[PDB]
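Asks: my complex, first installment, coordinates as in the assembly:
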Amino acid sequence: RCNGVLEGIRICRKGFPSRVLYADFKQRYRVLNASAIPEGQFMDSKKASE
Amino acid sequence: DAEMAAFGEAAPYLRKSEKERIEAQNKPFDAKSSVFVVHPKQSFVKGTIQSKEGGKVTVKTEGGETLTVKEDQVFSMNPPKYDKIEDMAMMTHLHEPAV
């Protein structure tokens, strides 16, 4: 609390709380439109998730 | 795994084996029931929701305990996908306990 950590989380959550790292995003969710999400993730680690 | 070499020896303290991960993120999860909760002695411990008192909650514990606590003494629990997240701020559950 006194760190600022809990306040950074607050401000985040007012905002865009959860933030996924791209690969961490690919792997876990490729399966959703499997063909088109996998291609995206593989083809550009970032551009993929896009 | 492939990547980690540079560290190699440090690796285990930086990152976990690609299955330790996998074995952790890919596991059974029941959102609607799994939760974090307030706790008089220990700050926040985890538990499973048992019933619902309309604005009270009864929960089991992880150690084995049952408490009926307010609705807001109860906090969700992140899917396993967020086990030992490098950046807690990527979690979809920005709580006090989850952190």
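Replies: Alright, I've got the coordinates. Residues are numbered from 1 along each chain as shown, chains lettered A, B, ... in the order given.
Asks: what helix or strand does the residue in chain B positioned nearest to chain A sit in?
Replies: Using CB to the nearest CB, residue B:92 is the residue of chain B that sits closest to chain A, at 3.6 Å. All C-beta spots, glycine's among them, are computed from the backbone N, C-alpha and C. Assessed by DSSP states H and E, residue B:92 sits outside every helix and strand.
Asks: Could you pull up phi and psi at whatever residue of chain A ends up closest to chain B?
Replies: Among the residues of chain A, residue A:18 lies closest to chain B, at 3.6 Å counting by CB to the nearest CB. Dihedral pair for residue A:18: phi -60, psi 130, per degrees, to the nearest 10.
Asks: near chain A, which residues of chain B show up?
Replies: B:25, B:81, B:86-94, B:96, B:99 (CB under 8 Å from any CB of the partner chain).
Asks: from the residues you listed, which two are the most distant?
Replies: Using CB to CB, the two most remote members of the residues of chain B next to chain A are B:25 and B:96, lying 23.1 Å apart.
Asks: Can you pick out the residue with more neighbours from the two?
Replies: residue B:25 (17 against 13; other CB atoms under 10 Å in any protein chain shown).
Asks: Leaving aside the residues adjacent along the chain, what's closest to the residue of chain A closest to chain B?
Replies: Spatial nearest neighbour of residue A:18, excluding adjacent residues (CB to CB, 6 or more residues apart in numbering or on different chains): residue B:92 at 3.6 Å.
Asks: Ok, residue A:39 next?
Replies: residue A:48 (7.4 Å).
Asks: Centre of the chain to stretch A:36-44, how far?
Replies: In this view, stretch A:36-44 has its centroid 14 Å away from the chain centroid, taken as CA atoms, centre = their mean, to the nearest Å.
Asks: Look up how far residue A:40 lies from residue A:34.
Replies: 11 Å (CB to CB, to the nearest Å).
Asks: Comparing the two, which residue is more hemmed in?
Replies: Of the pair residue A:34 and residue A:40, residue A:40 is the one with more neighbours under other CB under 10 Å, namely 18 against 10.
Asks: Here is chain C, add it in:
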Amino acid sequence: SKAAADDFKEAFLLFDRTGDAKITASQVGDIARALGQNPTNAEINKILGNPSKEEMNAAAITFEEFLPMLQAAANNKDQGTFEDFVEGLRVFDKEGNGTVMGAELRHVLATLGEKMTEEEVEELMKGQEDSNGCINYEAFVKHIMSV
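Replies: Adding chain C to the chains above:
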């Protein structure tokens, strides 16, 4: 109503392979489309189940159930607006010209929502997409609404 269109009964004799004047419940989706109705496959699925009708076990039909199911699907033809079909694909690619890159439309039509086979996706792009890899959806959606 008849306007009693008796050609719906003559088309049921072209889709019944046994000649007994019954059409199985698995053919009713495609025959509603061949009579000039486009109900989505989830809608065809719901209605069926809605009426405690299981498309999982053997099915037969009679004209007396297929006629009112085509008349219940015929009210939903007011959902077929071509403004939203061309504007959907206009938001799918940059710049002021209606062209989807080949593989973008093929992977979206096979994996997003109601799964269309890649055989049917290739049969719907065949002729409208040339060797530049760019599908002009102004003429593509025009020809898709020509049938």
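Asks: Same as before for the nearest residue to residue A:39, with chain C this time.
Replies: Per CB to CB, 6+ apart, closest to residue A:39 is residue C:107, 6.7 Å.
Asks: how many neighbours does the one you found have?
Replies: Residue C:107 has 20 neighbouring residues, counting by other CB under 10 Å.
Asks: ok, now residue A:16?
Replies: 8.
Asks: can you tell me the helix or strand for it?
Replies: Assigned by DSSP H and E, residue A:16 belongs to neither a helix nor a strand.
Asks: Tell me where chain A has helices.
Replies: Along chain A, counting by DSSP state H, helices occupy A:5-12, A:22-29, A:36-43.
Asks: In a markdown table, list those along with distance to residue C:146.
Replies: Compiled in a markdown table, those are given as follows (distance: least, CB to CB, whole Å):
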| stretch | distance to residue C:146 |
| --- | --- |
| helix A:5-12 | 52 |
| helix A:22-29 | 38 |
| helix A:36-43 | 28 |
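Asks: Not counting its neighbours along the chain, what's nearest the residue positioned nearest the centre of chain A?
Replies: By CA atoms, centre = their mean, chain A has its centre lying nearest to residue A:20, at 1.8 Å. With CB to CB, 6+ apart as the criterion, residue A:20 has its nearest non-adjacent residue at 5.3 Å, and that residue is residue B:90.
Asks: State the distance from that neighbour to chain C.
Replies: Distance, residue B:90 to chain C, by CB to the nearest CB, to the nearest Å: 26 Å.
Asks: swap in residue A:16?
Replies: For residue A:16 relative to chain C (CB to the nearest CB), the value is 23 Å.
Asks: Need phi/psi at the residue nearest to the centre of chain A.
Replies: phi -90, psi 130.
Asks: mind checking the SS state of the nearest residue to residue C:16 once chain neighbours are set aside?
Replies: Of all residues not flanking residue C:16 in the chain, residue C:23 sits nearest, at 5.2 Å (CB to CB, 6+ apart). Classification of residue C:23 by DSSP: H, G, I helix; E, B strand; the rest coil places it in coil.
Asks: Residue C:23 is in contact with residue C:17, isn't it?
Replies: No: counting by CB atoms under 8 Å, residue C:23 stays clear of residue C:17, with 9.1 Å between them.
Asks: Good, we can wrap up now.
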